[PDB]
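Have a look at the structure below, then the notes.
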Amino acid sequence: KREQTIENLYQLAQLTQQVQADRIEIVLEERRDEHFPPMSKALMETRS
DNA sequence: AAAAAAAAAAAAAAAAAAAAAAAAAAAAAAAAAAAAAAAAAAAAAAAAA
């Protein structure tokens, strides 16, 4: 009588792999299109 | 004519309620601190008197 239980767990898993893909899309929107902010030639003297 | 018995009475005792007092709690302030946000002074880079 675990039919309900397991199929319902798969139904959460099925609607939630959608959430995983949604997070991947959130990344794609958030993917940088940019790099690490550069140095100012004085932070060069400071840290380097 | 008098005694005893019987009946209609005040004083004391018991219980509850309303006045007041102190402490505690909800609240409802005017004042300060911390964090956040909007400008500013020495150093650095490129083309040119």
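Lettering and numbering for the structure tokens are positional, with chains as A, B, ... in the shown order, residues counted from 1 in each chain, and ligands counted from 1 in the shown order.
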#### Entry: Neighbours of chain A in chain B at 12 Å, counting only C-alpha atoms (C1' of nucleotides), as a list in words
residues 43, 44 and 45 of chain B
Expected file: the selected residues, N, CA, C and O atoms (P, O5', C5', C4', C3', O3' and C1' of nucleotides), as a tab-separated table (two decimals), in the first residue's frame:
chain	number	residue	atom	x	y	z
B	43	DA	P	50.53	61.54	-2.45
B	43	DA	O5'	50.49	60.19	-3.31
B	43	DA	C5'	49.65	59.11	-2.96
B	43	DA	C4'	49.15	58.42	-4.23
B	43	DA	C3'	50.03	58.66	-5.46
B	43	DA	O3'	49.94	57.57	-6.35
B	43	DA	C1'	47.90	59.41	-5.91
B	44	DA	P	51.25	57.10	-7.15
B	44	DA	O5'	50.68	56.30	-8.42
B	44	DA	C5'	49.44	55.60	-8.37
B	44	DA	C4'	48.74	55.69	-9.72
B	44	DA	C3'	49.69	56.00	-10.89
B	44	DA	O3'	49.23	55.44	-12.13
B	44	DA	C1'	48.08	57.67	-10.73
B	45	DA	P	50.34	54.83	-13.14
B	45	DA	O5'	49.68	54.82	-14.61
B	45	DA	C5'	48.29	54.70	-14.83
B	45	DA	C4'	47.89	55.50	-16.06
B	45	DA	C3'	49.03	55.75	-17.07
B	45	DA	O3'	48.55	55.87	-18.41
B	45	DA	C1'	48.23	57.79	-16.34
### Query
In Å, how far is it from CA of residue 1 in chain A to CA of residue 16 in chain A?
24.1 Å
